[PDB]
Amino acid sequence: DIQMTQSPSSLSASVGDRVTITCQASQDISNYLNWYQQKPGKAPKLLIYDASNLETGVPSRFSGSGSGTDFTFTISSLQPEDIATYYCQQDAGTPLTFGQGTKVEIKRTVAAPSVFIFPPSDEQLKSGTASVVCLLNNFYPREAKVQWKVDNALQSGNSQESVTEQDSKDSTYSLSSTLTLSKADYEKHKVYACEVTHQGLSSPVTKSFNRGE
């Protein structure tokens, strides 16, 4: 099999920056290399076919080049609606094979997460469990720490995170943390809070609620 290697695995650039992705083939495959875009939860986008041919109805900022073993895909001006994963594919032999993909993100101004806390709903407690919910809405950069506080005590090994893909509009992220415990352990304790540290914060911010309002 022809093994296609993409570099970089992921990149972040400012809006309007020039962006260049290369695909490296494991042999000389002439111009037999197409380029695809896949936005989150959507199907792939044929962008460039053969080595440089721009498909009908594709923005002119996208252009391909190269031949032999090293192929370049170029965004002349990076736009927020370009947030996707880009795949190269070889066209010289079977099986047709893809690069592992390259994830493009937007480098933007630092934005601090608005932080919200949610107690388990009164319908949920009947079923016998309780999930506490902290939300970090619309922030950049991606990386931040969430800390769970059960009566000032550090929990761990019992809470799960999930992160959205960078919004194609304001180039931000959102984060949902769900710390789950049984209904029994929910009542025994009282003070619940999440402490969130982010570069866009002066000092670690804490959102709190009182068990039982």
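The numbering used is simple: start at 1 and walk along the sequence shown.
54-62 and 181-189 differ in mean CA B-factor, and the higher of the two is recorded for 181-189.
The question of which stretch, 138-146 or 85-93, has the higher mean Cα B factor is settled in favour of 138-146.
The top Cα temperature factor in the record, among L78, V132, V104, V115, falls on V132.
Of the candidates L47, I29, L154, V163, the deposited coordinates give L154 the top C-alpha B factor. Annotation for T5: CA B-factor lies in the lowest third of the chain's modelled residues.
Among all modelled residues in this chain, the alpha-carbon of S14 has a temperature factor (C-alpha) in the middle third.
Per the PDB record, residue ranking by Cα B-factor puts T69 in the lowest third of the chain.
Per the PDB record, residue ranking by Cα B-factor puts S171 in the middle third of the chain.
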